[PDB]
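A short worksheet on the structure shown next.
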4 protein chains.
Amino acid sequence: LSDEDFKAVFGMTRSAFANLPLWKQXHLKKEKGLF
Amino acid sequence: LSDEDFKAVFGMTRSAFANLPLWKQXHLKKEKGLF
Amino acid sequence: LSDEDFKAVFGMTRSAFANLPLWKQXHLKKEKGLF
Amino acid sequence: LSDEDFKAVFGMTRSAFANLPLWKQXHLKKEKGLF
């Protein structure tokens, strides 16, 4: 994803996302239809 | 937890829980604050 | 349900709902026909 | 890691992990700081 699209999809910075638990980073990608 | 307490806490049998993705079985355990 | 529609149906966010005891989260879903 | 801790963290069983290439099993450990 572009920076703009990552923001649009997840609503947080890449750094914040990378700090979430691994289960949640699973959940969010599934919730947003990315894999 | 005993099987009966597991049902009371998670709202499903262990066999059903086992058929959830491992990231979801992460989510639910964390939502209940348990193991 | 979307977070938007969840709040419209249950009168609270998923975060708040997740804090209710399971028997009550039973009650509410059964009362709305969404079990 | 115990098998239980492994599958909770990696989101897959040790058996599932073993299916992946050796360089990928490198990536998946190092991504979590677990090598």
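Quick reminder, even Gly has a Cβ in these numbers, built from the backbone with ideal geometry, and neighbours come from all protein chains shown. Here, each number is a calculation from the coordinates, and none is a lab measurement.
Remarks
- Neighbouring Cβ atoms from other chains, within 10 Å of the Cβ of residues in D:15-28, number 0 on average.
- Peptide packing for A:16-23, A:28-35 was compared via the average number of neighbouring C-beta atoms within 10 Å per residue; ordered from the highest value, the list is A:16-23, A:28-35.
- Net charge over other residues, Cβ less than 12 angstrom from the Cβ of A:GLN25 (K, R count +1; D, E count -1): +4
- A simple rule links phi to the HN-Hα coupling: the Karplus curve 6.51 cos²θ - 1.76 cosθ + 1.60 with θ = phi - 60°, which for the range B:11-16 gives x, 7, 5, 5, 4, 5 Hz, with x for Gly and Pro.
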